[PDB]
Amino acid sequence: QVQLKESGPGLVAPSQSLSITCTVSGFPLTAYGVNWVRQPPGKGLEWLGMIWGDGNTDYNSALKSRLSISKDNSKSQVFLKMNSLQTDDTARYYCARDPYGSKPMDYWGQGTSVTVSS
Amino acid sequence: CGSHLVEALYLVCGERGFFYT
Amino acid sequence: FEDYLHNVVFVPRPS
Amino acid sequence: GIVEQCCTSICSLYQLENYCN
Amino acid sequence: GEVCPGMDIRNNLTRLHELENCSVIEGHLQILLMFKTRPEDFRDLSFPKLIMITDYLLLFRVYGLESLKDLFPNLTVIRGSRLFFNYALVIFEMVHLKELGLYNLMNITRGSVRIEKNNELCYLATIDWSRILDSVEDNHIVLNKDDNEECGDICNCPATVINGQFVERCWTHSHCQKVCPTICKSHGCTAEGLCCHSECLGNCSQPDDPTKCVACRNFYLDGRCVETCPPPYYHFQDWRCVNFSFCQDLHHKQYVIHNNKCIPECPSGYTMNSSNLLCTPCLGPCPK
Amino acid sequence: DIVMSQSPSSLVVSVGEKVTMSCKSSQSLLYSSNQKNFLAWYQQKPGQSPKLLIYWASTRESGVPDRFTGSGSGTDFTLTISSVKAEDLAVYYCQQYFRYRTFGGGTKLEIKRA
Ligand SMILES: *[C@@H]1O[C@H](CO)[C@@H](O[C@@H]2O[C@H](CO)[C@@H](O[C@@H]3O[C@H](CO)[C@@H](O)[C@H](O[C@H]4O[C@H](CO)[C@@H](O)[C@H](O)[C@@H]4O)[C@@H]3O)[C@H](O)[C@H]2NC(C)=O)[C@H](O)[C@H]1NC(C)=O
Ligand SMILES: *[C@@H]1O[C@H](CO[C@@H]2O[C@@H](C)[C@@H](O)[C@@H](O)[C@@H]2O)[C@@H](O[C@@H]2O[C@H](CO)[C@@H](O[C@@H]3O[C@H](CO)[C@@H](O)[C@H](O)[C@@H]3O)[C@H](O)[C@H]2NC(C)=O)[C@H](O)[C@H]1NC(C)=O
Ligand SMILES: *[C@@H]1O[C@H](CO)[C@@H](O)[C@H](O)[C@H]1NC(C)=O
Ligand SMILES: *[C@@H]1O[C@H](CO)[C@@H](O)[C@H](O)[C@H]1NC(C)=O
Ligand SMILES: *[C@@H]1O[C@H](CO)[C@@H](O)[C@H](O)[C@H]1NC(C)=O
């Protein structure tokens with residue numbers, strides 16, 4: 001019953017931070033990784049980073065490590081935080097599971113749309 | 001000497017036991 | 001194979 | 001080896017001690 | 001539970017309790033040369049936590065031991081990464097053993113079985129080893145009570161064909177041999193015959209879940225059975241994924257990295273670059 | 001950091017025809033320890049979330065039509081659709097999961113009809 005869902009703020013004022021909670025169900029965060037991917041309107045996919053079962057992380061250096069991924073295993077929640085958003089950070093943000101040693105990103109959240117403006 | 005060696009060895013060690021590392 | 005067994009299984013003196 | 005010491009050979013009751021403790 | 005290292009238990013039962021908190025033995029298990037033990041010493045002795053041995057199991061000259069059903073009730077896999085002269089399971093000169101009773105043993109990955117010179121040993125003709133080993137050609141099961149024809153073996157059990165006749169499949173008078181449909185392969189199944197996940201080996205607590213395996217077909221990482229160790233992890237003892245730091249800690253008192261494996265020694269043609277544990281090939285002949 | 005690049009950026013084909021799109025990685029994705037390529041292909045129908053089609057460059061995900069075929073090794077890869085259906089319309093991406101995970105720019109598939 002694998003499910004992932006993002007809870008985003010919808011709007012971010014330029015220079016403010018973006019916080020998104022990914023709530024997952026049907027699997028344990030201790031045994032799977034969770035990645036974040038974004039898609040600007042009508043554009044491609046950009047891999048942002050991921051958090052492994054052990055809590056170790058990998059971040060896309062293009063984000064100038066403005067990005068933080070943490071989690072709470074007991075609450076099945078994964079937290080994305082990104083510092084000082086600008087207009088070009090406007091995109092749909094997805095949390096996706098990845099079963100690391102066995103498969104690539106199997107099971108994607110519906111995604112949450114983020115608009116950066118005042 | 002075959003199986004008897006295991007037995008012959010027991011005659012010898014006894015209480016003291018066998019050896020390993 | 002008792003032959004093989006006996007050698008691996010029976011550890012001689014440290015010296 | 002013990003095989004080589006007491007089968008393809010003959011073991012002195014000391015030779016045969018060695019492997020104990 | 002814990003990963004314990006290979007053990008070698010001799011003379012006294014005292015050291016046997018070192019296995020008490022253990023799930024996997026990473027190495028072999030040898031229990032031998034116990035001349036003064038009696039059945040009463042084993043009436044109250046059990047290691048239900050043991051699920052798997054990576055190398056081999058050897059029982060030799062253990063007096064008073066009549067069955068292994070209470071000692072290793074949950075042992076499911078013997079991987080056979082290292083073997084005792086081609087064997088992953090050795091039962092030799094086990095005076096007093098009346099049955100094996102390893103009713104949870106589903107798979108012997110790698111080696112063969114040698115069960116020889118066991119006066120009293122029955123419940124051997126009742127075991128279908130073809131469900132456990134790919135190769136039964138190299139099994140050597142001789143000189144047991146079973147050879148004489150007068151083992152009163154008594155078993156509901158899934159009888160299978162070995163010669164030209166169907167023969168009942170059981171481990172003891174109270175335990176059948178588990179058989180899974182051929183379609184489950186070696187993954188195991190539930191009581192209802194539902195296949196375990198393809199990354200499981202032998203058995204699972206729930207079907208179709210790689211975090212619910214009793215043991216792994218391939219490798220183990222972060223609670224899960226995986227096909228391969230992904231980077232940045234290394235394949236260790238041919239059953240688990242470890243990080244560089246673990247392999248390094250081992251080495252520093254002698255483990256090396258080669259082809260994404262953390263291994264005891266460099267293979268032929270290679271020498272160990274010292275600063276990063278990595279096997280590099282030889283510029284001309286190798287050091288000696 | 002591994003860079004991924006895909007071609008074409010887009011193309012159009014009619015129903016029934018075979019289609020091939022490529023993916024390139026700045027570094028080899030072929031894993032020594034098992035002889036597997038750490039590459040995946042995803043399909044994203046418009047307005048929907050992406051879907052895993054192929055992993056290990058050639059292994060088809062369960063519930064994926066035999067129409068989809070992944071090929072290539074090392075640094076050069078291709079995705080093939082062996083008889084396009086009306087609903088195969090979508091954007092295709094390749095992802096490397098050798099070191100970290102990175103997506104290519106994607107290829108857009110359009111369908112030809114009058
Ligand atoms: C018991 O479970 C196993 C699954 O874990 C099951 O399948 C067998 O798995 C083994 C291990 O993967 C397979 O053996 C390999 O086969 C390949 C194919 O040619 C060989 O190249 C392999 O050799 C390499 O690896 C060895 C082991 O690490 C090395 O010793 C060797 O030097 C090589 O590097 C290896 O032999 C085996 O083929 C499958 N068998 C089948 C039928 O798929 C096994 O079937 C289960 N037992 C039963 C009876 O169900
Ligand atoms: C490399 O791996 C080591 C060893 O970790 C152990 O073996 C691995 C193969 C996995 O199976 C691990 O799950 C397993 O722990 C890592 O060391 C371990 O790190 C974790 C934290 O990430 C430690 O866990 C803590 O344990 C204490 C109790 O001891 C709790 O209070 C904490 O809440 C937490 O659970 C673990 O103790 C630690 N073990 C040792 C022996 O150091 C290590 O993190 C990793 N190295 C790198 C650089 O990534
Ligand atoms: C056997 O166990 C006893 C304790 O019960 C111990 O004193 C003795 O040293 C052991 N024997 C050997 C030879 O190790
Ligand atoms: C097993 O674990 C218990 C935990 O309370 C401990 O007391 C005991 O000493 C452990 N045994 C071994 C052999 O480590
Ligand atoms: C298989 O594993 C399950 C879950 O741990 C257990 O209940 C069962 O006894 C095991 N063995 C068999 C033969 O089903």
# chains A, B, ... in the order shown; residues from 1 in each chain; ligands from 1
$ interface_residues --of "chain E" --to "chain D" --cutoff "12 Å" --atoms "only C-alpha atoms" --output "ChimeraX atom specification"
/E:10-11,33
$ residues_near_ligand --ligand "ligand 2" --cutoff "10 Å" --atoms "only C-alpha atoms and all ligand atoms" --output "list in words"
residues 30, 53, 54, 55 and 56 of chain A; 3, 220, 221, 222, 223, 232, 233, 234, 236, 240, 241, 242, 243, 244, 245, 246, 247, 248 and 249 of chain E
$ residues_around --residues "residue 99 in chain F" --least-positions-apart "5" --cutoff "10 Å" --atoms "only C-alpha atoms" --output "PyMOL selection string"
(chain A and resi 58) or (chain E and resi 230-232) or (chain F and resi 1-2+27+29+38)
$ residues_around --residues "residue 125 in chain E" --least-positions-apart "5" --cutoff "12 Å" --atoms "only C-alpha atoms" --output "ChimeraX atom specification"
/E:99-100,141-142,144-155,159-163,166-172
$ residues_around --residues "residue 105 in chain F" --least-positions-apart "4" --cutoff "12 Å" --atoms "only C-alpha atoms" --output "list in words"
residues 39, 40, 42, 43, 44, 45, 46 and 47 of chain A; 3, 4, 5, 6, 7, 8, 9, 10, 22, 23, 24, 25, 42, 91, 92, 93, 94 and 95 of chain F
$ closest_atom_pairs --of "chain B" --to "chain C" --cutoff "8 Å" --atoms "only C-alpha atoms" --output "JSON lines"
{"residue": "B:2", "atom": "CA", "partner": "C:2", "partner_atom": "CA", "distance": 7.6}
{"residue": "B:3", "atom": "CA", "partner": "C:2", "partner_atom": "CA", "distance": 7.9}
{"residue": "B:18", "atom": "CA", "partner": "C:10", "partner_atom": "CA", "distance": 8.0}
{"residue": "B:19", "atom": "CA", "partner": "C:11", "partner_atom": "CA", "distance": 5.5}
{"residue": "B:20", "atom": "CA", "partner": "C:11", "partner_atom": "CA", "distance": 5.3}
{"residue": "B:21", "atom": "CA", "partner": "C:11", "partner_atom": "CA", "distance": 7.7}
$ write_last_selection --atoms "N, CA, C and O atoms" --output "short mmCIF file (atom, residue, chain, number, x, y, z; two decimals), in the first residue's frame"
data_model
loop_
_atom_site.label_atom_id
_atom_site.label_comp_id
_atom_site.auth_asym_id
_atom_site.auth_seq_id
_atom_site.Cartn_x
_atom_site.Cartn_y
_atom_site.Cartn_z
N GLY B 2 42.80 -44.64 12.06
CA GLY B 2 41.59 -43.90 11.66
C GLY B 2 40.75 -43.21 12.71
O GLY B 2 41.08 -42.10 13.14
N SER B 3 39.63 -43.85 13.10
CA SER B 3 38.68 -43.37 14.12
C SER B 3 39.29 -43.48 15.52
O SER B 3 38.99 -42.69 16.42
N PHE B 18 41.08 -30.72 24.77
CA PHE B 18 41.77 -30.57 23.47
C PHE B 18 42.30 -29.14 23.22
O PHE B 18 42.16 -28.28 24.09
N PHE B 19 42.91 -28.88 22.03
CA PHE B 19 43.45 -27.55 21.74
C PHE B 19 42.91 -26.92 20.46
O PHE B 19 42.57 -27.63 19.52
N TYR B 20 42.78 -25.57 20.47
CA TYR B 20 42.28 -24.72 19.39
C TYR B 20 42.73 -23.24 19.57
O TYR B 20 42.98 -22.81 20.70
N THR B 21 42.80 -22.46 18.44
CA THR B 21 43.05 -21.01 18.37
C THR B 21 42.27 -20.34 17.22
O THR B 21 42.48 -20.66 16.04
#
$ residues_near_ligand --ligand "ligand 1" --cutoff "6 Å" --atoms "only C-alpha atoms and all ligand atoms" --output "ChimeraX atom specification"
/E:107-109,130-134,186,217
$ write_last_selection --atoms "N, CA and C atoms" --output "mmCIF file, in the first residue's frame"
data_model
loop_
_atom_site.group_PDB
_atom_site.id
_atom_site.type_symbol
_atom_site.label_atom_id
_atom_site.label_comp_id
_atom_site.auth_asym_id
_atom_site.auth_seq_id
_atom_site.Cartn_x
_atom_site.Cartn_y
_atom_site.Cartn_z
ATOM 1 N N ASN E 107 17.534 -24.045 2.790
ATOM 2 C CA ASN E 107 18.488 -23.896 1.726
ATOM 3 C C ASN E 107 19.903 -23.982 2.216
ATOM 4 N N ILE E 108 20.722 -24.662 1.428
ATOM 5 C CA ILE E 108 22.156 -24.719 1.572
ATOM 6 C C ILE E 108 22.649 -24.136 0.245
ATOM 7 N N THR E 109 23.012 -22.862 0.295
ATOM 8 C CA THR E 109 23.500 -22.143 -0.850
ATOM 9 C C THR E 109 24.917 -22.700 -0.924
ATOM 10 N N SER E 130 16.853 -32.534 -2.280
ATOM 11 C CA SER E 130 16.751 -31.783 -3.534
ATOM 12 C C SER E 130 16.010 -30.491 -3.371
ATOM 13 N N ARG E 131 15.254 -30.337 -2.284
ATOM 14 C CA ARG E 131 14.584 -29.072 -1.972
ATOM 15 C C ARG E 131 15.545 -28.071 -1.285
ATOM 16 N N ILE E 132 16.682 -28.580 -0.793
ATOM 17 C CA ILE E 132 17.634 -27.822 -0.001
ATOM 18 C C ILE E 132 18.947 -27.507 -0.734
ATOM 19 N N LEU E 133 19.461 -28.447 -1.523
ATOM 20 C CA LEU E 133 20.701 -28.286 -2.286
ATOM 21 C C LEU E 133 20.463 -28.429 -3.746
ATOM 22 N N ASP E 134 21.109 -27.561 -4.531
ATOM 23 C CA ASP E 134 21.049 -27.674 -5.983
ATOM 24 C C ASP E 134 21.687 -28.986 -6.448
ATOM 25 N N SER E 186 13.400 -20.780 -4.546
ATOM 26 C CA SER E 186 14.011 -20.875 -3.249
ATOM 27 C C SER E 186 13.583 -19.758 -2.349
ATOM 28 N N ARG E 217 18.228 -13.707 -0.149
ATOM 29 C CA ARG E 217 18.759 -14.450 -1.282
ATOM 30 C C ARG E 217 20.098 -13.840 -1.652
#
$ residues_near_ligand --ligand "ligand 4" --cutoff "10 Å" --atoms "only C-alpha atoms and all ligand atoms" --output "VMD selection string"
chain E and resid 1 to 2 4 15 to 22
$ write_last_selection --atoms "C-alpha atoms" --output "short mmCIF file (atom, residue, chain, number, x, y, z; two decimals), in the first residue's frame"
data_model
loop_
_atom_site.label_atom_id
_atom_site.label_comp_id
_atom_site.auth_asym_id
_atom_site.auth_seq_id
_atom_site.Cartn_x
_atom_site.Cartn_y
_atom_site.Cartn_z
CA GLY E 1 19.71 -9.82 16.73
CA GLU E 2 23.52 -9.88 16.64
CA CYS E 4 28.40 -13.17 15.80
CA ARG E 15 31.42 -21.60 25.73
CA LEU E 16 28.21 -22.57 23.83
CA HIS E 17 26.23 -19.88 25.65
CA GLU E 18 28.30 -17.30 23.67
CA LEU E 19 25.67 -17.94 20.94
CA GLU E 20 22.72 -16.90 23.11
CA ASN E 21 22.10 -13.46 21.51
CA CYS E 22 22.65 -14.31 17.85
#
$ closest_atom_pairs --of "chain E" --to "chain B" --cutoff "12 Å" --atoms "only C-alpha atoms" --output "tab-separated table"
residue	atom	partner	partner_atom	distance
E:6	CA	B:21	CA	11.9
E:7	CA	B:21	CA	10.5
E:8	CA	B:20	CA	8.0
E:9	CA	B:20	CA	9.2
E:10	CA	B:18	CA	7.3
E:11	CA	B:17	CA	5.8
E:12	CA	B:17	CA	8.4
E:30	CA	B:20	CA	11.5
E:32	CA	B:18	CA	10.1
E:33	CA	B:18	CA	8.0
E:34	CA	B:17	CA	9.3
E:35	CA	B:10	CA	8.3
E:36	CA	B:15	CA	9.6
E:60	CA	B:6	CA	10.6
E:61	CA	B:6	CA	9.0
E:92	CA	B:3	CA	10.8
E:93	CA	B:3	CA	8.8
E:117	CA	B:3	CA	10.0
$ write_last_selection --atoms "N, CA and C atoms" --output "short mmCIF file (atom, residue, chain, number, x, y, z; two decimals), in the first residue's frame"
data_model
loop_
_atom_site.label_atom_id
_atom_site.label_comp_id
_atom_site.auth_asym_id
_atom_site.auth_seq_id
_atom_site.Cartn_x
_atom_site.Cartn_y
_atom_site.Cartn_z
N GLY E 6 32.47 -16.46 13.48
CA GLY E 6 32.62 -17.91 13.45
C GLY E 6 33.03 -18.46 14.81
N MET E 7 32.43 -19.60 15.22
CA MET E 7 32.74 -20.25 16.49
C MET E 7 33.17 -21.67 16.39
N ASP E 8 33.93 -22.04 17.41
CA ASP E 8 34.59 -23.31 17.55
C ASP E 8 34.52 -23.81 18.96
N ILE E 9 33.48 -24.59 19.24
CA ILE E 9 33.12 -25.07 20.56
C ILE E 9 33.53 -26.52 20.76
N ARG E 10 34.39 -26.75 21.77
CA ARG E 10 35.05 -28.01 22.12
C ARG E 10 35.02 -28.34 23.60
N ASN E 11 35.13 -29.63 23.92
CA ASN E 11 35.35 -30.17 25.26
C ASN E 11 34.24 -30.01 26.31
N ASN E 12 33.86 -28.75 26.61
CA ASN E 12 32.85 -28.29 27.58
C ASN E 12 31.70 -27.58 26.88
N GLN E 30 31.38 -24.82 14.45
CA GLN E 30 31.86 -26.16 14.73
C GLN E 30 31.60 -26.48 16.23
N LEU E 32 32.23 -29.71 18.68
CA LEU E 32 32.94 -30.97 18.63
C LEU E 32 33.64 -31.43 19.89
N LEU E 33 33.96 -32.71 19.87
CA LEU E 33 34.76 -33.35 20.87
C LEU E 33 34.27 -33.10 22.29
N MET E 34 33.01 -33.46 22.54
CA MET E 34 32.40 -33.39 23.86
C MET E 34 32.12 -34.76 24.34
N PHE E 35 33.08 -35.29 25.08
CA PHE E 35 33.06 -36.67 25.49
C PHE E 35 32.29 -36.97 26.74
N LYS E 36 32.10 -35.97 27.61
CA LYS E 36 31.42 -36.26 28.88
C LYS E 36 30.03 -35.71 29.04
N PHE E 60 30.65 -33.03 15.36
CA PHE E 60 31.54 -34.18 15.40
C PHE E 60 31.79 -34.63 16.83
N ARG E 61 31.51 -35.89 17.13
CA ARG E 61 31.78 -36.38 18.47
C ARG E 61 31.16 -35.55 19.63
N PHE E 92 29.36 -35.99 11.68
CA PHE E 92 30.31 -37.08 11.67
C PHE E 92 30.60 -37.62 13.06
N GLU E 93 30.50 -38.96 13.22
CA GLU E 93 30.75 -39.64 14.48
C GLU E 93 29.98 -39.00 15.63
N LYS E 117 28.88 -42.16 9.52
CA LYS E 117 29.27 -42.88 10.73
C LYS E 117 28.55 -42.45 12.00
#
$ residues_near_ligand --ligand "ligand 5" --cutoff "8 Å" --atoms "only C-alpha atoms and all ligand atoms" --output "MDAnalysis selection string"
chainID E and resid 74 103:104 177:178 189:191 203:206 214
$ write_last_selection --atoms "N, CA and C atoms" --output "PDB file, in the first residue's frame"
ATOM      1  N   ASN E  74      15.362 -22.838  14.377  1.00  0.00           N
ATOM      2  CA  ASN E  74      15.087 -21.805  13.385  1.00  0.00           C
ATOM      3  C   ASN E  74      16.140 -21.608  12.314  1.00  0.00           C
ATOM      4  N   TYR E 103      14.241 -28.753  11.200  1.00  0.00           N
ATOM      5  CA  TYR E 103      12.968 -28.587  10.494  1.00  0.00           C
ATOM      6  C   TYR E 103      12.718 -27.277   9.782  1.00  0.00           C
ATOM      7  N   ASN E 104      13.564 -26.255  10.079  1.00  0.00           N
ATOM      8  CA  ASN E 104      13.506 -24.953   9.415  1.00  0.00           C
ATOM      9  C   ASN E 104      14.571 -24.772   8.347  1.00  0.00           C
ATOM     10  N   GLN E 177       8.584 -31.790   6.577  1.00  0.00           N
ATOM     11  CA  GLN E 177       9.502 -30.960   5.809  1.00  0.00           C
ATOM     12  C   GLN E 177       8.612 -30.006   5.036  1.00  0.00           C
ATOM     13  N   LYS E 178       8.963 -28.722   5.086  1.00  0.00           N
ATOM     14  CA  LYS E 178       8.233 -27.686   4.382  1.00  0.00           C
ATOM     15  C   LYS E 178       8.554 -27.767   2.911  1.00  0.00           C
ATOM     16  N   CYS E 189       7.744 -19.615   1.205  1.00  0.00           N
ATOM     17  CA  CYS E 189       6.337 -19.294   1.127  1.00  0.00           C
ATOM     18  C   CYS E 189       5.765 -19.294   2.520  1.00  0.00           C
ATOM     19  N   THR E 190       4.531 -18.773   2.640  1.00  0.00           N
ATOM     20  CA  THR E 190       3.768 -18.789   3.889  1.00  0.00           C
ATOM     21  C   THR E 190       3.114 -20.175   4.035  1.00  0.00           C
ATOM     22  N   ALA E 191       2.465 -20.408   5.183  1.00  0.00           N
ATOM     23  CA  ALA E 191       1.784 -21.664   5.465  1.00  0.00           C
ATOM     24  C   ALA E 191       0.730 -21.947   4.416  1.00  0.00           C
ATOM     25  N   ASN E 203      12.149 -18.444   3.750  1.00  0.00           N
ATOM     26  CA  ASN E 203      10.949 -18.163   4.532  1.00  0.00           C
ATOM     27  C   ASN E 203      10.786 -16.670   4.769  1.00  0.00           C
ATOM     28  N   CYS E 204       9.567 -16.264   5.112  1.00  0.00           N
ATOM     29  CA  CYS E 204       9.203 -14.884   5.418  1.00  0.00           C
ATOM     30  C   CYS E 204       8.055 -14.869   6.417  1.00  0.00           C
ATOM     31  N   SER E 205       7.916 -13.752   7.157  1.00  0.00           N
ATOM     32  CA  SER E 205       6.817 -13.539   8.090  1.00  0.00           C
ATOM     33  C   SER E 205       5.583 -13.012   7.371  1.00  0.00           C
ATOM     34  N   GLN E 206       5.780 -12.387   6.210  1.00  0.00           N
ATOM     35  CA  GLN E 206       4.706 -11.885   5.357  1.00  0.00           C
ATOM     36  C   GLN E 206       5.121 -12.043   3.901  1.00  0.00           C
ATOM     37  N   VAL E 214      12.945 -14.002   6.324  1.00  0.00           N
ATOM     38  CA  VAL E 214      13.679 -14.637   7.405  1.00  0.00           C
ATOM     39  C   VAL E 214      15.195 -14.550   7.062  1.00  0.00           C
TER      40      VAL E 214
END
$ select_by_dssp --residues "chain B" --states "alpha helix (DSSP H)" --output "PyMOL selection string"
chain B and resi 4-13
$ write_last_selection --atoms "N, CA and C atoms" --output "PDB file, in the first residue's frame"
ATOM      1  N   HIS B   4      40.153 -44.502  15.689  1.00  0.00           N
ATOM      2  CA  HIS B   4      40.898 -44.894  16.891  1.00  0.00           C
ATOM      3  C   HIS B   4      41.786 -43.770  17.385  1.00  0.00           C
ATOM      4  N   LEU B   5      42.259 -42.926  16.460  1.00  0.00           N
ATOM      5  CA  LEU B   5      43.103 -41.770  16.739  1.00  0.00           C
ATOM      6  C   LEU B   5      42.334 -40.772  17.579  1.00  0.00           C
ATOM      7  N   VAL B   6      41.034 -40.589  17.263  1.00  0.00           N
ATOM      8  CA  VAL B   6      40.178 -39.686  18.022  1.00  0.00           C
ATOM      9  C   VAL B   6      40.080 -40.262  19.417  1.00  0.00           C
ATOM     10  N   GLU B   7      39.904 -41.587  19.499  1.00  0.00           N
ATOM     11  CA  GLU B   7      39.801 -42.295  20.759  1.00  0.00           C
ATOM     12  C   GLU B   7      41.133 -42.284  21.519  1.00  0.00           C
ATOM     13  N   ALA B   8      42.265 -42.549  20.801  1.00  0.00           N
ATOM     14  CA  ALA B   8      43.639 -42.557  21.339  1.00  0.00           C
ATOM     15  C   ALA B   8      43.955 -41.198  21.949  1.00  0.00           C
ATOM     16  N   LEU B   9      43.502 -40.111  21.269  1.00  0.00           N
ATOM     17  CA  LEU B   9      43.682 -38.742  21.740  1.00  0.00           C
ATOM     18  C   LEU B   9      42.917 -38.477  23.008  1.00  0.00           C
ATOM     19  N   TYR B  10      41.705 -39.044  23.118  1.00  0.00           N
ATOM     20  CA  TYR B  10      40.955 -38.873  24.336  1.00  0.00           C
ATOM     21  C   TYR B  10      41.628 -39.557  25.490  1.00  0.00           C
ATOM     22  N   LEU B  11      42.173 -40.780  25.287  1.00  0.00           N
ATOM     23  CA  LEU B  11      42.917 -41.528  26.321  1.00  0.00           C
ATOM     24  C   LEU B  11      43.934 -40.555  26.971  1.00  0.00           C
ATOM     25  N   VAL B  12      44.679 -39.843  26.107  1.00  0.00           N
ATOM     26  CA  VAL B  12      45.733 -38.871  26.387  1.00  0.00           C
ATOM     27  C   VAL B  12      45.314 -37.542  27.073  1.00  0.00           C
ATOM     28  N   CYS B  13      44.446 -36.716  26.435  1.00  0.00           N
ATOM     29  CA  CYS B  13      44.026 -35.430  27.009  1.00  0.00           C
ATOM     30  C   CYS B  13      43.226 -35.622  28.284  1.00  0.00           C
TER      31      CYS B  13
END
$ residues_around --residues "residue 80 in chain F" --least-positions-apart "2" --cutoff "10 Å" --atoms "only C-alpha atoms" --output "PyMOL selection string"
chain F and resi 18-22+67-71+78+82-84
$ atom_distance --atom1 "CA of residue 104 in chain A" --atom2 "CA of residue 57 in chain F"
10.6 Å
$ interface_residues --of "chain F" --to "chain A" --cutoff "6 Å" --atoms "only C-alpha atoms" --output "mmCIF file with N, CA and C atoms, in the first residue's frame"
data_model
loop_
_atom_site.group_PDB
_atom_site.id
_atom_site.type_symbol
_atom_site.label_atom_id
_atom_site.label_comp_id
_atom_site.auth_asym_id
_atom_site.auth_seq_id
_atom_site.Cartn_x
_atom_site.Cartn_y
_atom_site.Cartn_z
ATOM 1 N N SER F 49 1.957 12.113 -12.374
ATOM 2 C CA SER F 49 3.260 11.927 -11.762
ATOM 3 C C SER F 49 4.036 10.922 -12.600
ATOM 4 N N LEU F 52 8.048 4.615 -12.983
ATOM 5 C CA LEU F 52 9.259 3.868 -13.301
ATOM 6 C C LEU F 52 8.941 2.829 -14.365
ATOM 7 N N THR F 102 20.710 11.744 -10.713
ATOM 8 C CA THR F 102 20.511 12.953 -11.545
ATOM 9 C C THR F 102 19.625 12.608 -12.714
ATOM 10 N N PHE F 103 18.715 13.522 -13.106
ATOM 11 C CA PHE F 103 17.824 13.283 -14.245
ATOM 12 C C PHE F 103 18.320 13.983 -15.483
ATOM 13 N N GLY F 105 17.471 15.878 -19.261
ATOM 14 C CA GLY F 105 16.524 16.922 -19.649
ATOM 15 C C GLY F 105 15.165 16.441 -20.143
#
$ interface_residues --of "chain F" --to "chain E" --cutoff "12 Å" --atoms "only C-alpha atoms" --output "PyMOL selection string"
chain F and resi 29-38+56+97-101
$ atom_distance --atom1 "CA of residue 239 in chain E" --atom2 "CA of residue 215 in chain E"
9.8 Å
$ residues_around --residues "residue 2 in chain A" --least-positions-apart "3" --cutoff "8 Å" --atoms "only C-alpha atoms" --output "ChimeraX atom specification"
/A:24-27,107
$ atom_distance --atom1 "CA of residue 109 in chain F" --atom2 "CA of residue 17 in chain F"
12.3 Å
